[PDB]
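A.B. asks: Next comes the structure file run-v4.tsv, holding TSV, C-alpha atoms.
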```
chain	number	residue	atom	x	y	z
E	894	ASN	CA	-8.88	-50.74	131.32
E	895	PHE	CA	-12.47	-50.00	132.35
E	896	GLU	CA	-14.33	-50.37	135.62
E	897	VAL	CA	-17.98	-51.28	135.28
E	898	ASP	CA	-20.48	-51.94	138.08
E	899	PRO	CA	-21.16	-55.69	138.55
E	900	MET	CA	-24.33	-56.87	136.80
E	901	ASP	CA	-25.87	-60.32	136.96
E	902	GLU	CA	-26.42	-60.54	133.20
E	903	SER	CA	-23.69	-61.03	130.62
E	904	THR	CA	-23.06	-57.65	129.03
E	905	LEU	CA	-20.94	-56.22	126.24
E	906	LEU	CA	-18.75	-53.17	126.18
E	907	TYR	CA	-19.02	-51.27	122.94
E	908	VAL	CA	-16.01	-49.08	122.17
E	909	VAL	CA	-16.27	-46.89	119.11
E	910	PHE	CA	-12.83	-45.93	117.79
E	911	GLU	CA	-13.45	-42.76	115.85
E	912	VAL	CA	-11.63	-42.50	112.54
E	913	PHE	CA	-12.16	-41.25	108.97
E	914	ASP	CA	-14.14	-43.39	106.59
E	915	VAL	CA	-14.26	-41.23	103.44
E	916	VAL	CA	-15.22	-42.62	100.02
E	917	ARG	CA	-14.54	-40.94	96.68
E	918	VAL	CA	-16.93	-41.87	93.82
E	919	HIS	CA	-16.02	-41.16	90.20
E	920	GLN	CA	-18.02	-42.02	87.09
E	921	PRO	CA	-15.51	-41.33	84.31
E	922	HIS	CA	-17.72	-42.45	81.46
E	923	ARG	CA	-21.28	-43.63	80.84
E	924	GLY	CA	-22.09	-46.72	82.88
E	925	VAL	CA	-18.75	-46.84	84.64
E	926	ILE	CA	-18.48	-46.26	88.36
E	927	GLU	CA	-15.43	-46.44	90.56
E	928	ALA	CA	-15.14	-46.05	94.30
E	929	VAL	CA	-12.11	-46.01	96.55
E	930	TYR	CA	-12.33	-46.18	100.31
E	931	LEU	CA	-9.89	-44.83	102.86
E	932	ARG	CA	-9.84	-45.62	106.55
E	933	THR	CA	-6.52	-44.58	108.04
E	934	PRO	CA	-6.08	-45.50	111.76
E	935	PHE	CA	-7.41	-48.99	111.02
E	936	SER	CA	-6.16	-50.50	107.79
E	937	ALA	CA	-3.88	-53.28	109.07
E	938	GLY	CA	-6.58	-55.05	111.09
E	939	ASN	CA	-9.48	-54.12	113.38
E	940	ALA	CA	-11.55	-53.15	110.38
E	941	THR	CA	-12.24	-56.68	109.03
E	942	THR	CA	-9.61	-55.98	106.33
I	646	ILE	CA	-26.62	-67.18	80.47
I	647	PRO	CA	-30.33	-67.83	81.30
I	648	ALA	CA	-31.55	-71.44	81.25
I	649	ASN	CA	-32.15	-72.49	77.64
I	650	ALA	CA	-30.66	-69.28	76.26
I	651	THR	CA	-28.56	-69.73	73.16
I	652	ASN	CA	-27.07	-66.22	73.13
I	653	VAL	CA	-25.41	-64.02	75.68
I	654	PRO	CA	-24.27	-60.62	74.37
I	655	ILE	CA	-21.59	-58.57	76.12
I	656	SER	CA	-21.34	-54.80	75.78
I	657	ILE	CA	-18.24	-53.14	77.23
I	658	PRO	CA	-18.32	-49.28	77.48
I	659	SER	CA	-15.89	-47.25	75.36
I	660	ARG	CA	-12.48	-47.22	77.11
I	661	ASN	CA	-8.77	-47.64	76.12
I	662	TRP	CA	-7.34	-50.94	74.91
I	663	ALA	CA	-3.74	-49.91	75.58
I	664	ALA	CA	-1.51	-52.95	76.13
I	665	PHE	CA	-4.33	-55.46	75.64
I	666	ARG	CA	-3.55	-59.14	75.16
I	667	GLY	CA	-5.92	-61.99	74.21
I	668	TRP	CA	-9.26	-63.17	75.55
I	669	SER	CA	-10.21	-66.57	76.87
I	670	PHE	CA	-13.60	-67.95	77.70
I	671	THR	CA	-15.27	-71.02	79.07
I	672	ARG	CA	-18.72	-71.85	80.41
I	673	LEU	CA	-19.48	-72.68	84.04
I	674	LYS	CA	-22.69	-73.43	85.92
I	675	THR	CA	-24.38	-71.10	88.37
I	676	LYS	CA	-24.85	-73.64	91.16
I	677	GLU	CA	-21.17	-74.57	91.11
I	678	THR	CA	-19.68	-71.06	91.21
I	679	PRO	CA	-19.63	-68.95	94.42
I	680	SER	CA	-18.73	-65.24	94.45
I	681	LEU	CA	-15.39	-64.09	95.91
I	682	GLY	CA	-16.63	-60.60	96.82
I	683	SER	CA	-18.74	-62.12	99.57
I	684	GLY	CA	-17.38	-63.78	102.69
I	685	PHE	CA	-20.19	-66.32	102.76
I	686	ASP	CA	-22.62	-67.45	100.09
I	687	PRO	CA	-25.93	-68.67	101.52
I	688	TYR	CA	-27.08	-69.84	98.10
I	689	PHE	CA	-23.96	-71.94	97.44
I	690	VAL	CA	-25.06	-75.49	98.24
I	691	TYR	CA	-22.45	-77.38	96.25
I	692	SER	CA	-19.22	-78.89	97.57
I	693	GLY	CA	-17.87	-80.54	94.44
I	694	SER	CA	-14.99	-79.42	92.26
I	695	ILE	CA	-15.19	-75.70	91.50
L	299	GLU	CA	-41.87	-113.59	106.26
L	300	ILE	CA	-41.94	-110.87	103.57
L	301	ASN	CA	-38.93	-109.07	105.01
L	302	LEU	CA	-36.76	-112.08	104.29
L	303	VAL	CA	-36.96	-111.02	100.63
L	304	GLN	CA	-35.59	-107.50	101.18
L	305	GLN	CA	-32.50	-106.56	99.22
L	306	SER	CA	-29.86	-103.92	99.78
L	307	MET	CA	-27.43	-102.08	97.59
L	308	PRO	CA	-24.21	-100.43	98.89
L	309	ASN	CA	-24.23	-96.72	99.60
L	310	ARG	CA	-22.49	-94.27	97.28
L	311	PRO	CA	-18.76	-93.65	97.76
L	312	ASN	CA	-18.18	-90.08	98.85
L	313	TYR	CA	-14.62	-88.95	99.47
L	314	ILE	CA	-14.35	-85.61	101.31
L	315	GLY	CA	-10.78	-84.26	101.93
L	316	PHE	CA	-9.61	-80.66	101.42
L	317	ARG	CA	-8.99	-78.95	98.05
L	318	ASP	CA	-6.26	-79.14	95.40
L	319	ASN	CA	-3.76	-76.72	96.93
L	320	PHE	CA	-6.02	-75.62	99.79
L	321	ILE	CA	-7.89	-73.26	97.48
L	322	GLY	CA	-10.56	-71.25	99.26
L	323	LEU	CA	-8.95	-71.75	102.69
L	324	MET	CA	-7.67	-68.19	102.58
L	325	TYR	CA	-9.50	-65.11	101.40
L	326	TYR	CA	-8.09	-63.74	98.20
L	327	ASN	CA	-9.99	-61.18	96.17
L	328	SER	CA	-12.43	-60.24	98.89
L	329	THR	CA	-12.47	-56.52	99.57
L	330	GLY	CA	-14.12	-57.09	102.97
L	331	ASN	CA	-11.66	-59.75	104.14
L	332	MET	CA	-8.63	-58.28	102.39
L	333	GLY	CA	-5.23	-59.60	103.51
L	334	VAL	CA	-2.49	-57.30	104.79
L	335	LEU	CA	1.22	-57.01	104.45
L	336	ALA	CA	2.26	-53.61	105.61
L	337	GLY	CA	5.07	-51.92	107.49
L	338	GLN	CA	4.63	-52.09	111.27
L	339	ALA	CA	4.42	-48.33	111.70
L	340	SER	CA	3.41	-47.28	108.18
L	341	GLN	CA	-0.15	-48.57	107.94
L	342	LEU	CA	-0.05	-48.54	104.14
L	343	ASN	CA	-1.25	-51.89	102.91
L	344	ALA	CA	1.08	-53.11	100.16
L	345	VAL	CA	-1.39	-55.89	99.35
L	346	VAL	CA	-4.47	-54.55	97.59
L	347	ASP	CA	-6.76	-57.31	96.40
L	348	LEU	CA	-9.09	-56.54	93.53
G	3	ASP	CA	-4.93	-65.81	77.13
G	4	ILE	CA	-3.89	-68.18	79.91
G	5	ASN	CA	-0.10	-67.99	79.67
G	6	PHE	CA	1.99	-65.04	80.81
G	7	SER	CA	5.37	-65.33	82.49
G	8	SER	CA	8.21	-62.81	82.56
G	9	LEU	CA	9.79	-63.87	85.85
G	10	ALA	CA	12.47	-66.46	85.20
G	11	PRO	CA	16.23	-66.73	85.89
G	12	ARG	CA	18.28	-64.46	83.62
G	13	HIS	CA	21.37	-65.28	85.75
G	23	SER	CA	35.17	-61.18	99.20
G	24	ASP	CA	33.10	-62.07	96.09
G	25	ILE	CA	32.12	-58.41	95.36
G	26	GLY	CA	33.25	-55.26	93.48
G	27	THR	CA	32.48	-51.88	95.15
G	28	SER	CA	29.98	-50.82	97.90
D	1	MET	CA	-6.19	-23.83	94.18
D	2	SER	CA	-4.65	-26.90	92.54
D	3	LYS	CA	-5.79	-29.26	89.78
D	4	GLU	CA	-2.35	-30.73	88.91
D	5	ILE	CA	-2.35	-32.12	85.37
D	6	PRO	CA	-5.55	-34.12	84.71
D	7	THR	CA	-5.87	-37.47	82.96
D	8	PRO	CA	-5.97	-36.81	79.22
D	9	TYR	CA	-9.24	-37.06	77.31
D	10	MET	CA	-9.24	-39.32	74.32
D	11	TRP	CA	-11.87	-39.18	71.64
D	12	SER	CA	-13.99	-42.21	71.10
D	13	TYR	CA	-13.48	-44.33	68.06
D	14	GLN	CA	-17.04	-44.64	66.95
D	15	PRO	CA	-17.64	-47.02	64.18
D	16	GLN	CA	-18.18	-45.66	60.70
D	17	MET	CA	-21.72	-44.47	61.12
D	18	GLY	CA	-21.58	-40.71	61.71
D	19	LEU	CA	-18.73	-38.30	62.52
D	20	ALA	CA	-16.13	-38.65	65.34
D	21	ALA	CA	-17.17	-37.03	68.62
D	22	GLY	CA	-17.21	-37.46	72.41
D	23	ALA	CA	-14.27	-38.25	74.65
D	24	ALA	CA	-13.49	-39.60	78.09
D	25	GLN	CA	-10.52	-39.73	80.45
D	26	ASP	CA	-8.28	-42.88	80.38
D	27	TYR	CA	-8.70	-46.39	81.84
D	28	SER	CA	-5.06	-47.42	81.77
D	29	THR	CA	-3.95	-45.10	84.49
D	30	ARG	CA	-6.30	-45.93	87.41
D	31	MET	CA	-4.73	-47.77	90.30
D	32	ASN	CA	-4.83	-49.32	93.71
D	33	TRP	CA	-3.33	-47.00	96.29
D	34	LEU	CA	-2.91	-46.79	100.04
D	35	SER	CA	0.20	-48.68	99.11
D	36	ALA	CA	2.77	-46.27	97.77
D	37	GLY	CA	4.71	-44.14	100.24
D	38	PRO	CA	5.78	-40.61	99.33
D	39	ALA	CA	9.02	-41.56	97.54
D	40	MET	CA	7.11	-43.42	94.83
D	41	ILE	CA	4.48	-40.65	94.47
D	42	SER	CA	7.13	-38.28	93.07
D	43	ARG	CA	8.02	-40.83	90.38
D	44	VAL	CA	4.34	-41.65	89.67
D	45	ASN	CA	3.29	-38.01	89.16
D	46	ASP	CA	6.27	-36.98	87.07
D	47	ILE	CA	5.86	-40.02	84.85
D	48	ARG	CA	2.33	-38.68	84.34
D	49	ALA	CA	3.72	-35.18	83.74
D	50	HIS	CA	6.14	-36.46	81.13
D	51	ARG	CA	3.29	-38.18	79.30
D	52	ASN	CA	1.47	-34.88	78.86
D	53	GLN	CA	4.57	-33.41	77.15
D	54	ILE	CA	4.51	-36.29	74.64
D	55	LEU	CA	0.82	-35.60	73.84
D	56	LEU	CA	1.37	-31.87	73.46
D	57	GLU	CA	3.93	-32.50	70.77
```
How does the structure come out when it is put into structure tokens?
C.D. replies:
Amino acid sequence: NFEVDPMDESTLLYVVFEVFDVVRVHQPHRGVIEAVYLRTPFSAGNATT
Amino acid sequence: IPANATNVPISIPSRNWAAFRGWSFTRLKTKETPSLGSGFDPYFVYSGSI
Amino acid sequence: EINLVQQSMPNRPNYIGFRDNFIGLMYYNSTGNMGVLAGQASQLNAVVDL
Amino acid sequence: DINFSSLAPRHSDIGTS
Amino acid sequence: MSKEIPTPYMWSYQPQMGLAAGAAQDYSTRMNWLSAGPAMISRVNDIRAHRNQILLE
């Protein structure tokens, strides 16, 4: 829950949920690139995925 | 395949072919094929059979 | 008296409807809109779309 | 190829558990 | 310090022109993950271990 002062304009509340977001990038041969992304607290939703 | 091109070469980097099966191929058209990596395709202006 | 001689042709048929098995009504193979089937408390996605 | 299938039926009412 | 047992290099088959050289790690071993819990990891990385024994004989 949050308590914000009343304001006449429509406003948004931006909550950043701090996580890890690490990428590992491997090129195992010439002209081959591979990338794998991990995000751990959000993986089952609230992450677009 | 560019428009009015009569050749498209493919080069695949050197990698294993362990447990490889056949190939298949067919030709499509650029205007009729959207990408599946993208959530929206602004350039896809076709609604016929894909 | 020259608009008595106008002629008219029927419009094109154009049948809309959905797609064959509802293809493209779910995201498959999008790595930005990847589906999920996972344990409730595991958070390991056992669906990884490529 | 197009084809590839390897899922098909190979098939107190119990032994031991 | 840990390195486990790396993916095994395999020399390129290069056509006929020249002499055989160069190598790169496999492309029949890379996977999707964030899917397999720790029970299946043990199997996965002792299957890999076993493979190395085969190559070393």
A.B. asks: Give me, as a ChimeraX atom specification, all polymer residues having an atom no more than 10 Å from residue I:659, counting all atoms listed in the file and skipping those fewer than 3 positions away in the same chain.
C.D. replies: /E:922-925 /I:656,662 /D:11-14,23-24,27
A.B. asks: Can you pull out every residue within 10 Å of residue E:934, counting only C-alpha atoms, but drop anything in the same chain fewer than 6 positions away, and send it as a ChimeraX atom specification?
C.D. replies: /E:910-914,940 /L:341
A.B. asks: For C-alpha atoms, I'd like the residues from the last selection saved as a tab-separated table (two decimals), in the coordinates of the input.
C.D. replies:
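This went into result_5.tsv:
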```tsv
chain	number	residue	atom	x	y	z
E	910	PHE	CA	-12.83	-45.93	117.79
E	911	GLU	CA	-13.45	-42.76	115.85
E	912	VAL	CA	-11.63	-42.50	112.54
E	913	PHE	CA	-12.16	-41.25	108.97
E	914	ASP	CA	-14.14	-43.39	106.59
E	940	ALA	CA	-11.55	-53.15	110.38
L	341	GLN	CA	-0.15	-48.57	107.94
```
A.B. asks: Between atom CA of residue D:19 and atom CA of residue I:665, what is the distance, to one decimal in Å?
C.D. replies: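 Interatomic distance, atom CA of residue D:19 to atom CA of residue I:665: 26.0 Å.
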A.B. asks: Please determine the contact residues of chain E with respect to chain L at a cut-off of 7 Å, counting only C-alpha atoms, and supply them as a ChimeraX atom specification.
C.D. replies: /E:936-937,941-942
A.B. asks: Please identify every residue of chain I that has at least one atom no farther than 9 Å from an atom of chain G, counting all atoms listed in the file, and for each give the shortest atom pair and the distance in Å to one decimal, arranged by chain then increasing number, as a tab-separated table.
C.D. replies:
```
residue	atom	partner	partner_atom	distance
I:666	CA	G:3	CA	7.1
I:667	CA	G:3	CA	4.9
I:668	CA	G:3	CA	5.3
I:669	CA	G:3	CA	5.3
I:670	CA	G:3	CA	8.9
```
A.B. asks: Please indicate the distance in Å from atom CA of residue D:44 to atom CA of residue D:31, rounded to one decimal place.
C.D. replies: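 Interatomic distance here is 11.0 Å.
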A.B. asks: Please output stretch 19-34 of chain D, rebuilt to include N, CA and C atoms, as a compact mmCIF listing (two decimals), keeping the file's coordinate frame.
C.D. replies:
```
# COMPACT_ATOMS: atom_id res chain seq x y z
N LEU D 19 -19.88 -39.18 62.47
CA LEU D 19 -18.73 -38.30 62.52
C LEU D 19 -18.16 -38.42 63.92
N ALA D 20 -16.80 -38.41 64.07
CA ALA D 20 -16.13 -38.65 65.34
C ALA D 20 -16.41 -37.58 66.36
N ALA D 21 -16.85 -37.98 67.58
CA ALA D 21 -17.17 -37.03 68.62
C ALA D 21 -17.23 -37.73 69.95
N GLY D 22 -17.21 -36.96 71.06
CA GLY D 22 -17.21 -37.46 72.41
C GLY D 22 -15.83 -37.86 72.82
N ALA D 23 -15.54 -37.81 74.13
CA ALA D 23 -14.27 -38.25 74.65
C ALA D 23 -14.44 -38.52 76.11
N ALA D 24 -13.47 -39.25 76.70
CA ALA D 24 -13.49 -39.60 78.09
C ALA D 24 -12.08 -39.76 78.53
N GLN D 25 -11.79 -39.48 79.81
CA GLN D 25 -10.52 -39.73 80.45
C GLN D 25 -10.18 -41.21 80.52
N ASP D 26 -8.88 -41.55 80.38
CA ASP D 26 -8.28 -42.88 80.38
C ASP D 26 -8.70 -43.90 81.43
N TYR D 27 -8.35 -45.19 81.12
CA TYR D 27 -8.70 -46.39 81.84
C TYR D 27 -7.50 -47.29 81.71
N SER D 28 -6.30 -46.72 81.91
CA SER D 28 -5.06 -47.42 81.77
C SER D 28 -4.13 -46.54 82.53
N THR D 29 -4.59 -46.12 83.72
CA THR D 29 -3.95 -45.10 84.49
C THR D 29 -4.52 -45.16 85.89
N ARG D 30 -5.61 -45.93 86.13
CA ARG D 30 -6.30 -45.93 87.41
C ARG D 30 -5.64 -47.03 88.19
N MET D 31 -5.61 -46.91 89.54
CA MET D 31 -4.73 -47.77 90.30
C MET D 31 -5.28 -48.02 91.66
N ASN D 32 -4.64 -49.01 92.33
CA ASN D 32 -4.83 -49.32 93.71
C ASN D 32 -3.83 -48.43 94.37
N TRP D 33 -4.18 -47.89 95.54
CA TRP D 33 -3.33 -47.00 96.29
C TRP D 33 -3.74 -47.19 97.71
N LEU D 34 -2.98 -46.53 98.62
CA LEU D 34 -2.91 -46.79 100.04
C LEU D 34 -1.84 -47.83 100.11
```
